[PDB]
Number of protein chains: 2
Amino acid sequence: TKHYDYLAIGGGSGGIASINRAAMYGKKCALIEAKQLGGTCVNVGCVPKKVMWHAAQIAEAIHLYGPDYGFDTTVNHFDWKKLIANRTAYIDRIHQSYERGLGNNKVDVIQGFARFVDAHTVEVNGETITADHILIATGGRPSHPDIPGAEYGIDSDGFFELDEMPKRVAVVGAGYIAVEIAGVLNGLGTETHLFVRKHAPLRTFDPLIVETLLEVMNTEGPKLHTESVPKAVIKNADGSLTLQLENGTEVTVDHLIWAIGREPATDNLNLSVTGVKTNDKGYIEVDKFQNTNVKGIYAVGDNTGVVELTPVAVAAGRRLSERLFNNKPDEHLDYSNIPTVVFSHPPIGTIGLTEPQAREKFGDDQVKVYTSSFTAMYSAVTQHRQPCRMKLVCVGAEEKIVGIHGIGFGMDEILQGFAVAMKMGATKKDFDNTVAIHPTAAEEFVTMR
Amino acid sequence: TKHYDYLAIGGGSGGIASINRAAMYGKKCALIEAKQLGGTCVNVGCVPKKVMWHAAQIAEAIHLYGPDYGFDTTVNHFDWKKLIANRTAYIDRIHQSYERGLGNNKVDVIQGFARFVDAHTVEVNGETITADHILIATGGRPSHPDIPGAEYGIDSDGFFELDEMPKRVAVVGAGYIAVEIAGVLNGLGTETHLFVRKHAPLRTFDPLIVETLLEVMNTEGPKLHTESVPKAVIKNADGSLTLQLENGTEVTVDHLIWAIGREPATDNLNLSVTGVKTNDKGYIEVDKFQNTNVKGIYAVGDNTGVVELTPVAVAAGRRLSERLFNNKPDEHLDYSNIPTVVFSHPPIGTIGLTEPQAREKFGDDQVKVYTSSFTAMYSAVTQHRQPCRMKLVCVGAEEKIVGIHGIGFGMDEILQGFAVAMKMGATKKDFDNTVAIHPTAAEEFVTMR
Ligand SMILES: Cc1cc2nc3c(=O)[nH]c(=O)nc-3n(C[C@H](O)[C@H](O)[C@H](O)COP(=O)(O)OP(=O)(O)OC[C@H]3O[C@@H](n4cnc5c(N)ncnc54)[C@H](O)[C@@H]3O)c2cc1C
Ligand SMILES: Cc1cc2nc3c(=O)[nH]c(=O)nc-3n(C[C@H](O)[C@H](O)[C@H](O)COP(=O)(O)OP(=O)(O)OC[C@H]3O[C@@H](n4cnc5c(N)ncnc54)[C@H](O)[C@@H]3O)c2cc1C
Ligand SMILES: OC[C@@]1(O)OC[C@@H](O)[C@@H](O)[C@@H]1O
Ligand SMILES: OC[C@@]1(O)OC[C@@H](O)[C@@H](O)[C@@H]1O
Ligand SMILES: [K+]
Ligand SMILES: [K+]
């Protein structure tokens, strides 16, 4: 039986980040990963998603905007297999980079599925391993609906396994994953349908953002089907699929992608023997320091039921190692005002409170909202003008900024610096005092009246 | 003879901004413009430049990156005339928007070239106009070298007048205009040569930015010719031009663009009768409140010899009107830490001090520099990988950020928010405390160690 100071179960965003930081402080570490290093983000998440998003931007440059910039083009072939091969080669380079990093930090990397034996012992590939400190960073996986024909659909992992350009696709879901996948497929030329259960996708985002996204989808696709609850999926004689909704509507497609949610990977590792508490949905419960209720067992990332983003898992994992192994007993991640980007068409950036949230929390008389609406300059010379809308939500007489929201070309890159300003307590006057950069979309955030 | 409370000479960035703000406070205003509303920026500057930059981005998406994303394309025709027509139509819409704004504010707009008669009187189109307050916001114009054959070259105004795609072009200069024009032409497919007098273009930018730009130019064009001082331009029998450099080198091209510098438009308006002081280069001298040495005469923008950017002219003009007409005697523009973007390939963003400047000012022991180097994700799956490099220049034990510099895809949109943070006095810890947005280029600014 092998013993380690620190063992991380799961070699994804949180596990790799935490184990490497612990190793830097001289701890004897092990990392157990059942599949590929980098977890969901590198293999079937943020990375391949972004590559596909870039492919869609190119397709749109060629088909939508290019003609009005003078480019008369012919796409002789769109080689999906080549795109996937290059995407895969990049991911392989990322794996190799992580392997080198872990090897250089002298972390023992074990390929296998870990199962607990007791609170401080796991078994993997028939070997028993003990550790004084165990991080459970097992992430999650896609969920699937329990309706007739659900098995004819694929999930986001399946989307990344597609080896040809789909002709007609139904995407079901109302979160960022559904929106992103539907936008990518629509941009590439697939006849794309997005099905949401209520009035819009991202329904709790600021109304400015939600309504602008609806406007764009209603002009450029994907075709949005609202108040659409899946009832069944029928496989037709020709191999096509018909999605039947509870309202009586039906749409026929070649592929159906379920993007209705995710669930935590906390059910197959014999967690019951550890005494670790989970909530009704299977998420591991943690305190502000990532401690479970069991001494020496911690959890970070998607398996904990909170802000399911890579940088959150990474930062929580690193700060945990700082706390445990670098004599910083109070070190922890601040989960307030974390910025989010959705790689929709066009992209969305958001931080903090929406206008309705701020009004509910502070009262109408304490809230002041500033907004801007303009046409993206990239699209302005074309027949496909696209809006860009931005909002600052302010509280108090000093107009402290408590929310920043934008939708439009460039929002993906615009938000980060504004997140720093908001973390520092920026007020509207701080924005007023900064000179604009022209011509950009970002300058609109510092020019509102 | 008409009398006004406030008269602005020049209907460009500064004049329009200032006159509209004064009109908002009930002043009787006039604006005199000799050419087109919007000045240099709208007509032959920031606006058409950005449209052309977007055209080059599309060309690069098609020719450079697209193939590795699976796009086998054929450009049947690149219709330069169509691009110019759409660019021009957009500019026309901007003119119409400014006209409506000025008409709604009841500003008298006069199309003509104003010449002073005395310190408070001008003549335009044979009409005499007096005003209690006169803003001189006349901007500048391109400079031309005094060498044999200089007349065969065109300047940046001439670049916007091109009505066909040039095949071979020499761009001469080392500032942002030369870099931008050369990058656009190179991206569109013109055989492009850039000639700088010393080691590099943008020679005083941070060395990390300068050397990365050289690296990219040396891989993807334009062809950079350094220590290159123009001697003469020869027109050959076939109509081509040969640029002879003093070092004995030469390059034959179809068109030559001088982008060496600009000069102020302060020489043809009979300024001598006003007593207004100018420096040896013709720039109008102003105090922190945009006052000239003559009571009731002010100047803002490019004619004053400072930060020649549109938002600076705009902000100075608006603040001047606040001061003069809205009872804010101390209102003025803060010219420190103004952010700049250069629309090079790839774009550059910079604020504050370079590393050498900070070391010289504060001493080596007080400066700490953080840097990041990575490959732009857009280019990572292709055979044309492009670097992205970033730097934070910090001073003191608290590591106050005094300079922020980056070069890479997205820098154009990334910088603004970081400018707000720097204006608020951000330190490295403030960046450390902000959670990253993944996957973006911007996150690298908050993840440096
Ligand atoms: C389609 C999609 C797009 C996304 N886009 C973004 C984005 O743009 N930006 C962003 O910030 N986030 C994005 N995310 C979220 C991001 O991927 C996750 O938040 C992040 O991967 C969570 O990290 P983690 O360490 O909690 O889990 P993971 O990275 O999922 O890692 C968990 C690892 O544990 C392994 N494992 C599980 N059980 C065991 C066991 N018993 N033994 C050994 N190994 C085990 C798994 O194989 C896996 O590799 C996206 C997710 C998806 C699905
Ligand atoms: C190629 C190029 C690219 C640029 N790109 C950018 C950029 O990306 N970002 C940025 O911030 N800045 C950019 N600039 C700079 C920007 O254009 C200027 O800083 C800005 O236009 C200066 O504003 P202004 O009001 O001082 O002068 P201008 O906008 O030049 O306006 C002066 C006006 O006065 C008129 N005029 C002059 N004399 C008289 C007279 N006697 N009577 C009546 N009218 C008169 C002129 O016709 C002109 O319209 C660029 C400039 C160029 C040349
Ligand atoms: O791709 C299959 C899978 O099991 O791989 C490990 C994790 O990324 C899971 O989310 C994912 O469903
Ligand atoms: O286009 C010609 C010109 O005279 O128009 C007015 C200003 O924009 C000048 O800079 C410019 O040279
Ligand atoms: K501002
Ligand atoms: K950070």
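Chain A is the first sequence line, chain B the second, and so forth, proteins listed ahead of strands; every chain is numbered from 1. Excluded from the calculations below are hydrogen atoms, water molecules and symmetry mates; all remaining heavy atoms, backbone and side chain alike, are included.
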I'd like to know which of [options] tops the heavy-atom pair count under 4.5 Å against chain A.
| options | value |
| --- | --- |
| B:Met411, B:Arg21, B:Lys49 | B:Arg21 |
| B:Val75, B:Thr382, B:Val314 | B:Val75 |
| B:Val341, B:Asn76, B:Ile404 | B:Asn76 |
| B:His54, B:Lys423, B:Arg93 | B:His54 |
| B:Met422, B:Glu443, B:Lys50, B:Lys81 | B:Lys50 |
| B:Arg385, B:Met52, B:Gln57, B:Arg87 | B:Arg385 |

For [X], is it the side chain, the backbone, both, or neither that has a heavy atom closer than 4.5 Å to a heavy atom of chain B?
| X | value |
| --- | --- |
| A:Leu188 | side chain |
| A:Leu309 | neither |
| A:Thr440 | both |
| A:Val446 | side chain |

Option that, when pairs with chain B are counted at under 4.5 Å, heavy atom only, ranks first among [options]:
| options | value |
| --- | --- |
| A:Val420, A:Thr447, A:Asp68, A:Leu83 | A:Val420 |
| A:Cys41, A:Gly425, A:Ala426 | A:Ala426 |
| A:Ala315, A:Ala89, A:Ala59 | A:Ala59 |

> Going through the distances and angles, do A:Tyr90 and B:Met377 end up as a side chain to side chain contact (heavy atoms under 4.5 Å, CB included)?
Replying inline: CA-CA 10 Å; A:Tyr90 177 50; B:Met377 190 170 176; 3.7 Å; yes

Which atoms of [X] come close to chain A, meaning under 4.5 Å heavy atom to heavy atom: side chain ones, backbone ones, both, or neither?
| X | answer |
| --- | --- |
| B:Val47 | both |
| B:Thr74 | both |
| B:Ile84 | neither |

>> Atom NZ of residue position A:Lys400 - does it have more than 12 heavy atoms of other residues, nucleotides or ligands inside 6.0 Å?
In response: no

> More than 12 foreign heavy atoms under 6.0 Å from NZ of A:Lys328: is that the case here?
Replying inline: yes

>> According to salt bridge (charged side-chain N to carboxylate O under 4.0 Å, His left out), does anything in residues 404-418 of chain B pair up with another residue at least two apart or in another chain? List the pairs.
In response: none

For the student: nearest non-hydrogen atoms of [X] and [Y], plus distance:
| X | Y | result |
| --- | --- | --- |
| A:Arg319 | B:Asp432 | NH2-O, 3.7 Å |
| A:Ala436 | B:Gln416 | CA-OE1, 3.4 Å |
| B:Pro339 | A:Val435 | CG-O, 3.4 Å |

Does the side chain of [Y] come within less than 4.5 Å of [X]'s, by heavy atoms?
| X | Y | value |
| --- | --- | --- |
| A:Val51 | B:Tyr69 | yes |
| A:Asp334 | B:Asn433 | no |
| B:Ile58 | A:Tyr378 | yes |
| A:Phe343 | B:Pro439 | yes |

>> What verdict does the side chain to side chain contact (heavy atoms under 4.5 Å, CB included) test give for A:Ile62 and B:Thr73, after you've listed the backbone C-alpha separation in whole Å, the side-chain angles of each residue and the deciding distance to 0.1 Å?
In response: CA-CA 9 Å; A:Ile62 293 171; B:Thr73 59; 3.9 Å; yes

>> Just verifying a value: how many Å separate A:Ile437 CD1 and B:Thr310 OG1, rounded to the nearest 0.5 Å?
In response: 13.5 Å

